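Undergrad: experimental coordinates for this protein are included below, preceded by the sequence.
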Amino acid sequence: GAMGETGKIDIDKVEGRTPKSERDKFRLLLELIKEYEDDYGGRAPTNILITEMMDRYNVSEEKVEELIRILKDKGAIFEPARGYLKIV
């Protein structure tokens, strides 16, 4: 019916046995850059990133601009034109 099997174990610390993957403000900004790049044929207009981050994720313009500087500074992204962001 069922049968027996081998390689017995026991449960001491063996909780928490699940995967993890999440998001962050840095991630959520960067996600908009790539999800607009393909749409613009390689642009992410910085003003739209701001407006859409306040829409999609309630992030205030000051904070979106800070995300923009941080990831720019890291060379994770760039601003190749006067209000167009790019992933590195």
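TA: Cool, got the structure. Numbering: from 1, shown residues only.
Undergrad: how near is the most centrally placed residue in the chain to residue 76?
TA: Nearest to the mean C-alpha position of the chain, counting by C-alpha atoms, centre = their mean, stands residue 27 at 2.4 Å. Look at residue 27 and residue 76: by C-beta to C-beta, to the nearest Å, they are 10 Å apart. From N, CA and C alone the C-beta is placed, and that goes for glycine too.
Undergrad: one more: residue 68?
TA: Taking C-beta to C-beta, one finds residue 68 at 11 Å from residue 76.
Undergrad: neighbour count winner among the two?
TA: residue 68 (19 against 14; other C-beta atoms under 10 Å).
Undergrad: distance of that one relative to residue 59?
TA: The value you get for residue 68 to residue 59, if C-beta to C-beta is used, is 11 Å.
Undergrad: so what sits against both of the two?
TA: Here residue 68 and residue 59 have residue 29 as joint contacts, going by C-beta atoms under 8 Å, 6 or more residues apart in numbering.
Undergrad: quick one: distance of the longest helix anywhere in the chain to the chain centre.
TA: Across the chain, the longest stretch assigned as helix under DSSP state H is helix 25-40. Relative to the centre of its chain, helix 25-40 is centred 8 Å away, using C-alpha atoms, centre = their mean, to the nearest Å.
Undergrad: can you name every helix or strand that it contacts?
TA: strand 44-45, helix 46-56, helix 61-73, strand 84-87 (3 or more C-beta pairs under 8 Å, 6 or more residues apart in numbering; DSSP states H and E).
Undergrad: tell me which residues in it are buried?
TA: For helix 25-40, a neighbour-count test (16 or more other C-beta atoms under 10 Å) marks 29-30, 32-33, 36-37 as buried.
Undergrad: can you list the residues you listed in a markdown table and add distance to residue 83?
TA: A markdown table is the format used below for these (distance: C-beta to C-beta, whole Å):
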| residue | distance to residue 83 |
| --- | --- |
| 29 | 15 |
| 30 | 17 |
| 32 | 14 |
| 33 | 13 |
| 36 | 12 |
| 37 | 14 |
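Undergrad: those: which two are farthest apart?
TA: 29 and 37 (12.9 Å; C-beta to C-beta).
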